[PDB]
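Chemist: Here the sequence shown is numbered in the working numbering, starting from -9 and rising by one per residue.
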Amino acid sequence: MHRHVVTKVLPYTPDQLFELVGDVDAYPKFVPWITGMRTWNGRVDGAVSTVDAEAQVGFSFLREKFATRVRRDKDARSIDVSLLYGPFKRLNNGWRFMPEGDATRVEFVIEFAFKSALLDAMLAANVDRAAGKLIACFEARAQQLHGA
C-alpha cells in the first residue's frame, strides 16, 4: 500500500533511540499519536527479538486495533514490523536510525491498507501530522531528558 516516509534529525545520543527502538513496549512517558500497545508472544535469538505487536489508534478517526510481527535488533539497531493479521489485507511498519554528523537521522516507514479510498488519502494525509507530533514528542522528550 501507500508508504509514507518520515525522516527526522536530532542532535542527541543514540541512547534515546534505544527507547524508541523499543517504543513498542518502552515509552518513557507516553504517546498520544498512539493508544494501546502490547508486545509479546514470539521468540528471542541472539541480539534479535521477534514477537506479536498489538497496537491501537485513538484519535485516528477510526477506533480499531491491529497486530503485527515486531522484530527488534540490538546488534542491527533497526526495527521491523511485518503484517500478521491487521485488517486482514496488509500493514507494514519499520523504524530505522543512523548517525549523521553531530546529530542523528531517524527514518520511519509507515505502510497500511485501508478500505475507504477517501479515508485512505485522508488518513495517509494526516499521517504526516501524526508523525509530526510523534517527532516533536521525541524531540520534546529529548530536551526534557537532556534539559540542557
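Note that CB positions come from ideal geometry on N, CA and C, so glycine has one too.
1) I need the straight-line Cα distance from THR94 to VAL11, nearest angstrom please.
2) Does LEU113 come out as helix, strand or coil in the three-state DSSP assignment?
3) Compare the beta carbon distance of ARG61 and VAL96 with 9 Å and say whether it is the shorter of the two.
4) Kindly indicate which three-state DSSP category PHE87 falls into: helix, strand or coil?
5) Between the C-alpha atoms of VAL34 and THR40, what's the straight-line distance to the nearest angstrom?
6) Please give me, in chain order, every unbroken run of the beta strand (DSSP E) with length at least 3 that falls completely inside the segment 18 to 54.
7) Measuring straight from C-alpha to C-alpha, what distance separates residue 142 and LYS(-2)?
8) Report the CB separation of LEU124 from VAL(-5) in whole angstroms; it is logged as a contact under 8 Å.
9) Anyone know if the C-beta pair for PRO4 and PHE87 falls short of 9 Å?
10) Thinking just about the alpha-carbon of each residue, which of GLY26, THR58, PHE8 is nearest to the one in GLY32?
11) Kindly identify the DSSP beta-bridge partner or partners of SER72.
12) Where does the unbroken alpha helix (DSSP H) through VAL99 begin, and where does it stop?
13) Quick check: what's the CA-CA separation for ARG53 versus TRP85?
14) With DSSP as the reference, label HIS(-8) as helix, strand or coil.
Modeler: According to the structure shown:
1) 14 Å
2) helix
3) no
4) strand
5) 6 Å
6) 29 to 35, 38 to 46
7) Outside the displayed span of the chain (-9 to 138) sits residue 142, for which this structure offers no information.
8) So it is not a contact: roughly 14 Å between Cβ atoms.
9) yes
10) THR58
11) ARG59
12) Taken as a continuous stretch (DSSP letters only), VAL99 belongs to no alpha helix (DSSP H), being part of the beta strand (DSSP E) at 93 to 102.
13) 23 Å
14) coil
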